Amino acid sequence: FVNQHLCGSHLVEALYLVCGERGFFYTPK
Amino acid sequence: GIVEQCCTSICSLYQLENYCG
């Protein structure tokens with residue numbers, strides 16, 4: 001699921017699933 | 001940043017994991 005174009009909520013979802021308990025930062029600029 | 005790497009071009013795990021805590 002990560003090796004595609006991911007935008008907006010789809011990107012945030014991928015960071016959530018991959019990062020897990022590590023958390024993450026989303027900085028779209 | 002993430003949008004240029006993962007939205008306007010094809011994302012990767014390597015790149016996503018740079019944004020994990």
# chains A, B, ... in the order shown; residues from 1 in each chain; ligands from 1
>>> residues_around(residues="residue 10 of chain B", least_positions_apart="5", cutoff="9 Å", atoms="only C-alpha atoms", output="ChimeraX atom specification")
/A:2-6 /B:4-5
>>> residues_around(residues="residue 14 of chain B", least_positions_apart="3", cutoff="12 Å", atoms="only C-alpha atoms", output="PyMOL selection string")
(chain A and resi 2-3+15+18-19) or (chain B and resi 2+5-6+10-11+17-20)
>>> select_by_dssp(residues="chain B", states="alpha helix (DSSP H)", output="VMD selection string")
chain B and resid 2 to 6 13 to 17
>>> residues_around(residues="residue 12 of chain A", least_positions_apart="6", cutoff="10 Å", atoms="only C-alpha atoms", output="PyMOL selection string")
chain A and resi 6+24-26
>>> atom_distance(atom1="atom CA of residue 22 of chain A", atom2="atom CA of residue 1 of chain B")
19.7 Å
>>> residues_around(residues="residue 8 of chain A", least_positions_apart="6", cutoff="9 Å", atoms="only C-alpha atoms", output="list in words")
residues 28 of chain A; 3 and 7 of chain B
>>> atom_distance(atom1="atom CA of residue 21 of chain B", atom2="atom CA of residue 21 of chain A")
8.5 Å
>>> closest_residue(among="A:9, A:16, A:23, A:1", to="chain B", atoms="only C-alpha atoms")
A:23
